[PDB]
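Two separate entries follow, structure 1 and structure 2, each one form of the same protein chain as structure tokens.
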Structure 1
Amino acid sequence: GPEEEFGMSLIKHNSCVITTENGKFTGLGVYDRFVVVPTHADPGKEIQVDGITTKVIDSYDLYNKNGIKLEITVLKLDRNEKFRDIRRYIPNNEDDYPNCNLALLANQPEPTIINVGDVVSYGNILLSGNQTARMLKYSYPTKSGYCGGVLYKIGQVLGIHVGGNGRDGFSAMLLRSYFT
């Protein structure tokens, strides 16, 4: 009940469907007009937010200090609405987390919560041949359509779903220092 309730509140207050030319993604609204999507979504000068074409004012693809992509892209949107500020839920450090959930919005008829089990700080992987850092891994057969899904626990917004191989699933980590 409560684990699913927290996820449904994240969907209600902090999600949107983002469409780029490469597909539909669950977009996590962090605060003000800032949303995160996987970098591989390759957002352009405009995106659709719940079907409405919206100009992107600023876009940041995040990399670690060694220049390895994190697969987090932050977009500042040209619109009125401000997202509920969920920066207080974002961890300061990399860690492992037991019994996590993924909150999904895009590519399905209604928002749903999937329990993905225990999550580990997995390090770097090769995502379609390109090194990607700070992955959070779970043993769940995530599929196309899950990207952007919000990995969370009650009071903890941990990452966004970016990839998988039919056995395991991977989220890009969210760290508090990615925002001021």
Structure 2
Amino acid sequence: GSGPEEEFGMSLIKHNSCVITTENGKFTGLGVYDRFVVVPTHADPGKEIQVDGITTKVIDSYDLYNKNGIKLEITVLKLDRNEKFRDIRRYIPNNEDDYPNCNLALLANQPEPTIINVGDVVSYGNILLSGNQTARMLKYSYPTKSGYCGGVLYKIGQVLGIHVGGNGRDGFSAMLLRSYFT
């Protein structure tokens, strides 16, 4: 920027993100409201986790699912925090959409907080090996790494997804909708 779309991302990292450590590694977490943090399901959190290096007891844990009952691959954790997150629910869209020129906000496994321009983002159907109960993720062409896991997909005034997967060429985010949190 620097740059309203970087300032936005940087402030989001600063005030709402954390590094969640589990037996599976380090993931970026996003505090949404109250003491709820969203983290990739693959982090596979125990009864206790580490938040920015500090052992925290997870009270409740909720796997998120779409309209057709397919797991999003993000889970919501109720933490033992101080403390309360500034409610960012208003930046989360209500419905699916495609989004031109998005960024990715990364904290975990990075030297310092990082903003990556991932380019244009399109919804893409999950590929199913059984049935036709569809699910979408937000896809982008960018060689993402497994260390980006948990990263926040955003644009100014919009918190759009959580980075959860990739194949070397494309990255994929779990599509965030406000109704998952209200």
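Reference numbering: structure 1, starting with residue 1. Only residues modelled in both forms are compared. Each form is matched to the other, and the largest set of C-alpha atoms that superpose within 1.5 Å is called the rigid core.
Among the candidates 113, 116, 133, 47, displacement between structures 1 and 2 reaches 2 angstroms at the C-alpha for one position only, 133 (superposition on the rigid core). Residue 155 is not among the residues whose C-alpha shifts by 2 Å or more between structures 1 and 2 once the rigid core is aligned; its shift stays under 2 Å. In this core superposition, residue 164 moves its Cα by 0.4 Å between structures 1 and 2. Shifted stretches between structures 1 and 2, defined as 3+ consecutive common residues each with a CA displacement of 2 angstroms or more after rigid core fitting, are listed in sequence order as 64 to 67, 125 to 134.
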